Amino acid sequence: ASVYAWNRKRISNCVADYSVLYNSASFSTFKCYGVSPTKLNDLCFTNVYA
Amino acid sequence: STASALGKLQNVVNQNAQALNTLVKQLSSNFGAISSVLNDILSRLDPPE
């Protein structure tokens with residue numbers, strides 16, 4: 001969708017693997033702010049937003 | 001019969017207890033950081049910050 005109509009999705013009740021996202025080279029910019037990119041496999045959250 | 005005649009010792013004890021209580025309560029302040037518990041900071045982000 002357009003930038004002024006950005007598409008929002010809620011993710012819950014799942015087992016997420018961020019390693020497969022991080023190791024891929026398809027992404028030009030991979031910038032995480034509040035957490036370290038390599039520690040995402042060691043944390044548990046709820047109500048993720050994309 | 002009459003109580004509250006020993007206010008000085010009570011005041012000393014109360015002052016000591018209050019000082020200890022505020023000292024232990026001070027541990028729950030952010031001080032401008034992202035968290036008040038050190039384990040979360042250690043386990044959530046990469047050392048250089």
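Sequence lines set the chain letters: A, B, ... in the order given, protein chains first and strands last, and positions in each chain run from 1. Values below: every heavy atom of this structure, side chains too, minus hydrogens, waters and symmetry copies.
- Residues that satisfy the ring-ring contact (aromatic ring centres under 6.0 Å, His included) test with A/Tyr4, not counting sequence neighbours, are absent from this structure.
- Hydrophobic cluster membership for A/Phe30: A/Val20, A/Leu21, A/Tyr22, A/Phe27 (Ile, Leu, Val, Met, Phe, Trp, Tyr linked by side-chain heavy atoms under 4.5 Å, directly or transitively).
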Side-chain donor-acceptor contacts of residues 24-49 of chain B below 3.5 Å, not counting sequence neighbours, with atom names and distances?
from, atom 1, to, atom 2, distance (Å)
B/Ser35, OG, B/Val37, N, 3.4
B/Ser36, OG, B/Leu27, O, 3.3

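- Here side chain to side chain donor-acceptor pair (under 3.5 Å) pairs that include residues 34-50 of chain A, with residues two or more places apart or in two chains, are A/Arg10-A/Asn47, A/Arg10-A/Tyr49, A/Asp17-A/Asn41, A/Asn47-A/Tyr49.
- In this structure A/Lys9 satisfies the side chain to side chain donor-acceptor pair (under 3.5 Å) test with no other residue, sequence neighbours excluded.
- A/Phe45 belongs to a hydrophobic cluster whose other members, connected by ILVMFWY side-chain contacts under 4.5 Å either directly or through intermediates, are A/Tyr18, A/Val35, A/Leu40, A/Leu43.
- Residue pairs satisfying the side chain to side chain donor-acceptor pair (under 3.5 Å) criterion with at least one member in residues 4-19 of chain B, sequence neighbours excluded, are absent.
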